[PDB]
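Chains as they are written, first to last, in the working numbering: chain A, 1 to 149; chain B, 1 to 141; chain C, 1 to 129. Beta carbons are placed, not taken as given, at the ideal position from N, Cα and C, and that holds for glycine. Only one structure is covered here, and it is reproduced in the block below.
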Amino acid sequence: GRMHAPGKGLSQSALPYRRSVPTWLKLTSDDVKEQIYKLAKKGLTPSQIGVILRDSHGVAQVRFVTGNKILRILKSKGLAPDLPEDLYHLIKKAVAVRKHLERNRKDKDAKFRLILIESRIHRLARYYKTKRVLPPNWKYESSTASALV
Amino acid sequence: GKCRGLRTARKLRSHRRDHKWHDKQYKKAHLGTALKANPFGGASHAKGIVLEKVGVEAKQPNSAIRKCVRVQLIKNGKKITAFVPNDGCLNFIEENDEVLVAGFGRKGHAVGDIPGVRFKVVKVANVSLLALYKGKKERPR
Amino acid sequence: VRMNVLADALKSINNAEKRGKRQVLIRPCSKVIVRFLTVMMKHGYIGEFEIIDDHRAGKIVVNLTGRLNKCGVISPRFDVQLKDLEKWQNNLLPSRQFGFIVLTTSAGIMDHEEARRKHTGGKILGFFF
RNA sequence: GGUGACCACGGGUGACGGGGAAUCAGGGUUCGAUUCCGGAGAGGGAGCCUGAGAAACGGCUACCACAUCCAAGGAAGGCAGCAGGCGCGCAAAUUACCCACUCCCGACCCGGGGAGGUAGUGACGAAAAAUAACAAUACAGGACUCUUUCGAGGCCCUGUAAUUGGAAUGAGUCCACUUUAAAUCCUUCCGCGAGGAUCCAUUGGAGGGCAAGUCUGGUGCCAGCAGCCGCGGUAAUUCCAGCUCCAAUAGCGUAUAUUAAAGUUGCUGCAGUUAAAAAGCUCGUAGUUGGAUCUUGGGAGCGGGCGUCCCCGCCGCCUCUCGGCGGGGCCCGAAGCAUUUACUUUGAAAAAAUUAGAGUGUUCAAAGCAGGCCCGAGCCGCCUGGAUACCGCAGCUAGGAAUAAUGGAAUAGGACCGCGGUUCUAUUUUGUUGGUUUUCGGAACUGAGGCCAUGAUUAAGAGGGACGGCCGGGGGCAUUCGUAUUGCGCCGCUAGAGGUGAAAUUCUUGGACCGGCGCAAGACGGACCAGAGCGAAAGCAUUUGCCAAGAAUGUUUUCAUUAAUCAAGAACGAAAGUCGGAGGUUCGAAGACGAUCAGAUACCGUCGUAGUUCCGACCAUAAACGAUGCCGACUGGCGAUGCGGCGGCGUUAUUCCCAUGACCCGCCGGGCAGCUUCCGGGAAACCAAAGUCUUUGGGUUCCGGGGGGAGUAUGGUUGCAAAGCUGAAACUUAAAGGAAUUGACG
RNA sequence: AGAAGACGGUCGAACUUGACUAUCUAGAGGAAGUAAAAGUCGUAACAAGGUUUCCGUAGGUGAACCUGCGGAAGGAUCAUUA
Ligand SMILES: [Mg+2]
Ligand SMILES: [Mg+2]
Ligand SMILES: [Mg+2]
Ligand SMILES: [Mg+2]
Ligand SMILES: [Mg+2]
Ligand SMILES: [Mg+2]
Ligand SMILES: [Mg+2]
Ligand SMILES: [Mg+2]
Ligand SMILES: [Mg+2]
Ligand SMILES: [Mg+2]
Ligand SMILES: [Mg+2]
Ligand SMILES: [Mg+2]
Ligand SMILES: [Mg+2]
Ligand SMILES: [Mg+2]
Ligand SMILES: [Mg+2]
Ligand SMILES: [Mg+2]
Ligand SMILES: [Mg+2]
Ligand SMILES: [Mg+2]
Ligand SMILES: [Mg+2]
Ligand SMILES: [Mg+2]
Ligand SMILES: [Mg+2]
Ligand SMILES: [Mg+2]
Ligand SMILES: [Mg+2]
Ligand SMILES: [Mg+2]
Ligand SMILES: [Mg+2]
Ligand SMILES: [Mg+2]
């Protein structure tokens with residue numbers, strides 16, 4: 001029921017049986033990989049691309065259209081970010097909590113939401129150390145964090 | 001609930017270990033105290049010298065005087081009251097006479113009335129009250 | 001969380017047959033589920049179950065009959081060494097006259113009778129009777 | 001440098017280690033100084049000779065620790081060999097006889113052996129097993145038969161007696177023999193050896209638990225009884241006695257250690273609303289625990305019940321680069337090796353005794369391991385044993401691959417004489433030995449090609465992460481307002497008012513109280529306000545701004561096992577409390593008076609300090625309470641509501657519609673809640689959950705084991721201190737307690 | 001060959017003084033508990049226990065105790081009638 005909160009909710013995405021492309025679609029495995037390509041270039045996260053591609057554009061799921069999933073398309077060409085998008089969203093968040101804690105030293109609430117956030121960082125980190133996308137050294141540091149965003 | 005897992009043989013052993021210093025019947029037996037405290041140094045009976053005869057007043061609901069002996073044990077020099085069982089037997093025992101005192105059956109509890117008397121006399125000058133109060137063996141002289 | 005997908009399922013197919021429910025679905029599904037349910041099919045303990053193939057995990061839908069008093073699951077799969085098999089089937093089944101400890105040996109998943117014919121031990125899963 | 005909470009290191013032991021023991025439905029629990037194995041020490045240590053072999057104690061050297069004789073110069077001491085004594089002690093044998101058995105040392109058939117055997121002592125303990133039987137009477141009865149019954153025939157019986165009666169035997173004693181070494185003991189037997197008054201069964205009980213007398217004497221809350229429940233105060237089923245009976249009974253009692261009993265230590269397998277009990281809350285390292293997902297259907301046959309349905313050997317792969325059972329095969333020899341285990345099954349190895357248990361007239365049995373036989377002994381000798389199973393874990397071997405981990409290709413690599421460049425270096429070969437250079441064989445390195453359907457399982461009604469529109473007394477920081485409140489300023493009028501089961505201290509014509517208008521300071525945010533809202537729990541409400549943060553829903557957004565709970569370790573934690581500081585609106589411990597009361601150092605009054613108010617540090621606890629751990633699964637209804645979404649049928653409005661927005665009617669997710677019920681629970685109260693529990697185990701955290709003593713003492717630690725945290729025992733104690741019932745008194 | 005002897009060194013009992021820890025105890029006088037169970041002074045609690053009760057904290061008091069503040073209902077109200 002979530003990692004760090006009471007709320008035991010469920011709201012998630014859900015795909016069909018069918019996987020084969022849905023025939024509206026023109027494009028083809030190339031023209032999608034041409035487009036993911038240009039969006040990442042412009043500066044968007046692997047999530048954020050998947051977004052643009054569905055609402056405005058056409059692709060239910062990149063994964064089905066092309067062979068592989070978005071990250072692999074960026075990574076095998078070298079547009080992938082330094083660290084995982086998923087993580088620096090937490091780091092960027094932490095640094096934001098840090099900031100106003102450093103002006104407002106009363107906020108007891110912010111002093112989970114930091115501690116929790118710190119803990120959801122470390123936790124993440126130490127698979128990225130076993131799945132080896134991060135080198136076995138990198139570590140948080142409060143000071144060096146603000147830079148890392 | 002319980003830990004239930006499969007490489008949990010210790011969390012279990014070590015659980016069922018300490019949750020015996022909350023048993024009462026083992027903390028007598030395995031701690032130390034008992035051997036240290038009971039004048040009967042872990043020993044079934046013990047010999048001691050009758051230093052005086054003392055009547056004890058029984059616990060309220062039953063009025064009566066119980067007829068016991070202050071003993072001093074040889075091995076310790078630890079003192080004692082021992083209720084001399086069966087009628088008119090205090091009459092036998094004189095001062096300074098060597099008695100073999102055994103327990104009461106409650107092992108530490110005082111028995112029934114006789115408030116705070118764990119021990120009962122058996123022998124007297126190598127005789128045995130059972131023989132005297134039956135009139136089989138007489139008093140030695 | 002979902003640790004053991006039997007206990008999950010078997011609770012919900014004991015726990016229907018009490019209510020007299022005609023049939024039930026079991027949410028997570030597995031190979032081990034199928035393979036241990038097909039054992040229950042032979043001695044009659046259930047009827048024909050029809051596994052849905054949601055693309056991910058699986059669902060099953062079990063035709064029940066009246067016949068299952070209880071099925072349960074021994075949760076850690078202790079390793080049963082054939083000499084113990086008796087001592088278990090003493091204290092885990094209502095009689096020596098029926099009752100089936102499903103377990104999982106060298107030669108597949110099967111009841112205790114079939115591990116005894118082949119003379120193998122292995123890991124206890126559960127029991128229905 | 002090495003070890004450590006997978007708990008070291010430190011301390012303790014009523015600890016020489018195993019082999020086993022008694023207990024025991026299965027699982028354990030304690031004991032194993034105990035004859036078998038293994039270790040150690042000869043008062044204690046150290047060092048020593050000597051010795052293959054010893055740091056040897058029936059050697060010695062001191063010392064220490066012990067102790068003997070003395071001619072006072074000196075000398076000799078080691079039972080934890082056997083006997084014995086002393087002391088200790090609840091608690092344990094004879095200065096016995098002997099090498100005859102089994103064995104050992106010697107130069108050895110020949111001596112010696114307190115190793116050892118044999119006696120004695122010996123309710124440590126185990127086996128067997130007398131303490132009478134039987135006929136006829138006398139009777140005392142009761143199933144056939146006979147009798148309406150009373151009676152009788154009697155095959156049946158059984159009670160007591162007469163013992164009426166002889167028969168039978170042993171306990172003893174003791175001729176004799178065996179035994180043995182000589183005995184003894186046992187086995188053999190001559191001879192004597194049973195009418196109870198003997199050849200004499202006792203220990204506890206006789207209310208219940210618990211089998212057995214409101215039989216009879218005596219005492220009279222004494223004596224006394226009673227493991228617990230209890231009895232005893234003038235008829236005691238309870239004390240002391242008498243008679244009768246019961247249990248076991250040659251044994252039987254109490255002393256306590258310990259096991260079942262204990263579903264009261266709970267792995268199997270306890271408990272946590274109230275009974276003893278879930279941390280205040282949360283984070284979190286070790287530990288434990290962790291979704292799904294990967295060779296199959298099928299084939300070929302033999303065998304049970306034209307085909308169908310049970311039942312078996314087969315389709316571990318690779319190698320052949322390796323053996324060989326001038327070119328060979330054939331396949332075993334080697335290894336890729338079982339990815340790397342976990343798991344399972346088969347071997348082998350497991351000292352005997354013990355154990356389980358084959359075999360066996362020990363007269364049976366504990367035992368013993370022999371015995372059996374063949375034999376009239378002429379056989380001058382045959383025949384068989386001394387079975388077997390278990391023997392944890394680890395270790396070794398071999399099958400299997402059910403499940404659990406674990407592994408392999410992704411900034412490219414396996415193979416494919418695929419090809420070469422560079423280098424290396426082995427060795428066959430040039431009738432031999434050297435030199436040079438080759439060919440080739442094997443490494444190492446590395447240019448450049450071919451092929452490889454060439455590599456990513458999926459996304460969890462798991463999680464993590466993005467975005468969307470709301471949401472909310474969530475948190476901070478600013479800002480704004482409201483009243484009342486007391487304070488004061490002024491003005492008006494006037495004498496009482498506050499307080500009260502009644503009154504006074506009190507406030508007051510020095511004009512209080514009241515009325516009006518003004519300012520003041522600080523408080524707190526009324527109604528709206530709810531089984532309404534949010535947060536973690538403390539939690540959280542005047543307007544507006546800003547600052548982060550969050551649930552939920554929505555989502556053919558991305559990541560892809562990342563997760564749950566968690567010793568250890570952290571964050572926060574009313575009030576009260578404490579140091580600093582700011583402030584003093586009321587209320588108000590403390591404190592002062594008035595009453596009330598037998599008194600009130602209490603309540604009820606009138607004052608009022610700390611504090612309640614702020615900002616800064618600490619403290620770290622509640623009935624911190626839903627007296628309900630957290631995650632996860634499943635099982636019924638029915639109503640409501642907060643949020644989000646979705647759909648529809650409404651309309652008020654709102655405009656020409658719209659968009660809305662406001663109502664209505666549905667559905668959906670997740671929230672706070674309600675009722676109802678023979679799910680099912682539940683000692684009960686009760687509980688959609690406290691349900692899924694003898695039909696016992698989804699994961700995991702904490703924690704209780706009669707009540708007090710006691711949350712005490714002591715120790716440690718934190719704190720400025722209150723105190724916080726950790727946290728015993730002796731002793732005492734039989735219930736304390738919980739749920740419901742009648743009572744009965746408020 | 002070779003004794004008595006002597007210089008050195010090594011294991012080292014032993015002895016002397018410190019340290020630690022273990023265990024065990026002597027103690028003027030002080031304060032609890034329990035016994036236990038029938039003394040005095042009250043009467044705190046259970047009935048609306050005469051003042052709903054209880055927790056924590058604080059302060060007080062001859063004694064139960066009392067009073068603040070914040071709690072609790074384990075209440076003496078599952079409601080207060082838009
Ligand atoms: Mg967590
Ligand atoms: Mg000792
Ligand atoms: Mg000695
Ligand atoms: Mg020695
Ligand atoms: Mg020596
Ligand atoms: Mg000696
Ligand atoms: Mg003895
Ligand atoms: Mg001997
Ligand atoms: Mg015996
Ligand atoms: Mg006799
Ligand atoms: Mg009785
Ligand atoms: Mg026991
Ligand atoms: Mg049992
Ligand atoms: Mg219990
Ligand atoms: Mg709680
Ligand atoms: Mg308001
Ligand atoms: Mg902790
Ligand atoms: Mg506070
Ligand atoms: Mg304060
Ligand atoms: Mg201050
Ligand atoms: Mg007052
Ligand atoms: Mg507490
Ligand atoms: Mg419960
Ligand atoms: Mg259970
Ligand atoms: Mg207790
Ligand atoms: Mg209570």
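Stretch-stretch touch, CB-based, cutoff 8 Å, three pairs: the segment 55-74 of chain B with the segment 82-101 of chain B | Here the segment 55-74 of chain B makes contact with the segment 82-101 of chain B; the two share three or more CB pairs at distances below 8 Å.
Scan the segment 14-67 of chain C and note each continuous alpha helix (DSSP H) run of 4 residues or more that stays entirely inside, going in chain order.
-> As summarised for the segment 14-67 of chain C, the continuous alpha helix (DSSP H) elements at least 4 residues long and confined to that stretch are 31-43, given in chain order.
Taking the alpha helix (DSSP H) that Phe64 (chain A) falls in, what are its first and last residues?
-> On the first sequence, position 64 is the one that residue 64 (chain A) refers to. Residues 62-65.
How many angstroms separate the CA atom of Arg106 (chain B) from the CA atom of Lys28 (chain B)?
-> Taking the first residue of the second sequence as position 1, residue 106 (chain B) is located at position 106. Taking the first residue of the second sequence as position 1, residue 28 (chain B) is located at position 28. Taking the straight line joining both Cα atoms gives about 14 Å.
So with Cβ pairs under 7 Å, would you call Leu6 (chain B) a contact of chain C?
-> On the second sequence, position 6 is the one that residue 6 (chain B) refers to. Yes, its Cβ sits closer than 7 Å to a Cβ of chain C.
Simplified DSSP state of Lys75 (chain A), which is helix, strand or coil = Position 75 of the first sequence, counted from the first residue, corresponds to residue 75 (chain A). Note: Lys75 (chain A) maps to helix in three-state DSSP.
Can you name the start and end residues of the alpha helix (DSSP H) that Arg120 (chain A) belongs to?
-> Taking the first sequence and counting its residues from 1, the one referred to as residue 120 (chain A) is at position 120. Its alpha helix (DSSP H) spans residues 110-127.
Ends of the alpha helix (DSSP H) at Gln25 (chain B)?
-> One-based indexing of the second sequence puts residue 25 (chain B) at position 25. Looking at the DSSP string, the run of the alpha helix (DSSP H) that includes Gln25 (chain B) is 25-29.
If we call anything under 7 Å between Cβ atoms a contact, is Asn4 (chain C) one with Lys70 (chain C)?
-> Working through the third sequence from its first residue, we reach residue 4 (chain C) at position 4. Working through the third sequence from its first residue, we reach residue 70 (chain C) at position 70. Contact: no.
Nonlocal neighbours in the same chain, by C-beta distance under 8 Å from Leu116 (chain A), ignoring five residues either side | Translated into the one-based positions of the first sequence, residue 116 (chain A) becomes position 116. Correct list, in chain order: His4.
Quick one: using the 10 Å Cβ neighbour count with 16 as the cut-off for buried, is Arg118 (chain B) buried or exposed?
-> Your numbering for residue 118 (chain B) matches position 118 in the second sequence. By the C-beta density criterion, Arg118 (chain B) is buried, having at least 16 other C-beta atoms within 10 angstroms.
Nearest to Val21 (chain A) by CA position, among A:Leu134, A:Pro6, A:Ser56, A:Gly67, is which residue?
-> In the first sequence, residue 21 (chain A) corresponds to position 21, counting from 1. The candidate whose alpha carbon is nearest that of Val21 (chain A) is A:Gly67.
Given that a residue counts as buried once 16 or more other Cβ atoms are within 10 Å of its Cβ, and exposed if not, what is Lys33 (chain A)?
-> By one-based count along the first sequence, residue 33 (chain A) stands at place 33. Counting of Cβ neighbours within 10 angstroms places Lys33 (chain A) among the buried residues, the total reaching 16 or more.
What do you reckon, are the CB atoms on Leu93 (chain C) and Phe49 (chain C) nearer than 7 Å?
-> By one-based count along the third sequence, residue 93 (chain C) stands at place 93. By one-based count along the third sequence, residue 49 (chain C) stands at place 49. Result no, Cβ atoms of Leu93 (chain C) and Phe49 (chain C) do not sit closer than 7 Å.
Assuming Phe100 (chain C) contacts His55 (chain C) under a Cβ cut-off of 8 Å, what Cβ separation, rounded to an integer in Å, is found between them?
-> Taking the first residue of the third sequence as position 1, residue 100 (chain C) is located at position 100. Taking the first residue of the third sequence as position 1, residue 55 (chain C) is located at position 55. Separation of the CB atoms of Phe100 (chain C) and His55 (chain C) is rounded to 33 Å, and the pair is thereby denied contact status at 8 Å.
Is there at least one Cβ from chain B nearer than 7 Å to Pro28 (chain C)'s Cβ?
-> Within the third sequence, numbered from 1, the residue matching residue 28 (chain C) stands at position 28. Residue-level contact by beta carbon fails for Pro28 (chain C) and chain B, as no gap is shorter than 7 Å.
Just grab the DSSP bridge partners of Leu103 (chain C) for me.
-> Here residue 103 (chain C) corresponds to residue number 103 of the third sequence, with the count starting at 1. For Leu103 (chain C), which the question treats as bridged, DSSP gives the partners C:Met110, C:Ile124.
C-beta neighbour in chain B for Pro76 (chain C), strict 7 Å = Locating residue 76 (chain C) in the third sequence gives position 76, counting from the first residue. It does: the Cβ of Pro76 (chain C) has a partner Cβ on chain B nearer than 7 Å.
Closest Cα partner of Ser56 (chain A) within the set A:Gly7, A:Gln35, A:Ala125, A:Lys69 | Here residue 56 (chain A) is taken as the residue at index 56 of the first sequence, counted from 1. If we check each option's Cα against that of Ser56 (chain A), A:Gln35 comes out closest.
Verify whether the separation of the beta carbon atoms of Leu25 (chain A) and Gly58 (chain A) is less than 7 Å.
-> Locating residue 25 (chain A) in the first sequence gives position 25, where the first residue counts as 1. Locating residue 58 (chain A) in the first sequence gives position 58, where the first residue counts as 1. Cβ distance < 7 Å, so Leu25 (chain A) and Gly58 (chain A) count as in contact.
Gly32 (chain B): first and last residue of the uninterrupted alpha helix (DSSP H) it sits in = As a position in the second sequence, residue 32 (chain B) is number 32, starting the count at 1. From DSSP, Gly32 (chain B) is part of no alpha helix (DSSP H); its letter is neither H nor E.
Short Cβ contact (7 Å threshold) for residue 143 (chain C) with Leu125 (chain C) | What the structure shows of chain C is the stretch from 1 to 129, and residue 143 (chain C) is not part of that stretch, so it cannot be assessed.
Excluding the five sequence neighbours on either side, which residues of its own chain have a C-beta within less than 6 Å of the C-beta of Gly116 (chain B), listed in chain order?
-> On the second sequence, position 116 is the one that residue 116 (chain B) refers to. Cβ neighbours of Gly116 (chain B) beyond the five flanking positions: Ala110.
Give, in chain order, every unbroken run of the alpha helix (DSSP H) that is at least 4 residues long and sits entirely within the segment 86-137 of chain B.
-> Along the segment 86-137 of chain B, the alpha helix (DSSP H) occurs as fully enclosed runs of 4 or more residues at 129-134, listed in sequence order.
Less than 8 Å between the CB atoms is what I'm expecting for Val62 (chain C) and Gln23 (chain C), so what's the real figure, rounded?
-> If you number the third sequence from 1, residue 62 (chain C) lands on position 62. If you number the third sequence from 1, residue 23 (chain C) lands on position 23. Their Cβ separation, rounded to whole angstroms, is 6 Å, which keeps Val62 (chain C) and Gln23 (chain C) in contact under 8 Å.
Counting only the same chain and skipping the five closest in sequence on each side, list residues whose C-beta sits under 7 Å from that of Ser146 (chain A).
-> Working through the first sequence from its first residue, we reach residue 146 (chain A) at position 146. Taken in chain order, the residues that qualify are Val95.
Cβ-Cβ distance between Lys59 (chain C) and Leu10 (chain C) below 7 Å = By one-based count along the third sequence, residue 59 (chain C) stands at place 59. By one-based count along the third sequence, residue 10 (chain C) stands at place 10. Not closer than 7 Å, so no.
What are the boundary residues of the beta strand (DSSP E) that includes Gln72 (chain B)?
-> Here residue 72 (chain B) refers to the residue found at position 72 of the second sequence. In the DSSP assignment, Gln72 (chain B) falls within the unbroken beta strand (DSSP E) covering 68-73.
First and last residue of the beta strand (DSSP E) that includes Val54 (chain B)?
-> Numbered from its first residue, the second sequence carries residue 54 (chain B) at position 54. In this chain, the beta strand (DSSP E) harbouring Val54 (chain B) covers 46-54.
Backbone secondary structure at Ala82 (chain B) - three-state DSSP = Within the second sequence, residue 82 (chain B) is the residue found at index 82, counting from 1. The three-state secondary structure of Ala82 (chain B), taken from DSSP, is strand.
Minimum C-alpha distance to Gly108 (chain B) - residue among B:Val54, B:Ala82, B:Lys137 = To locate residue 108 (chain B), count along the second sequence from 1; it is residue 108. Ranking the options by Cα distance to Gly108 (chain B), first place goes to B:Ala82.
Beta carbon of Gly121 (chain C) nearer than 7 Å to that of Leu82 (chain C) = Taking the third sequence and counting its residues from 1, one reaches residue 121 (chain C) at position 121. Taking the third sequence and counting its residues from 1, one reaches residue 82 (chain C) at position 82. With a cutoff of 7 Å on beta-carbon distance, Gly121 (chain C) and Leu82 (chain C) are scored as near each other.
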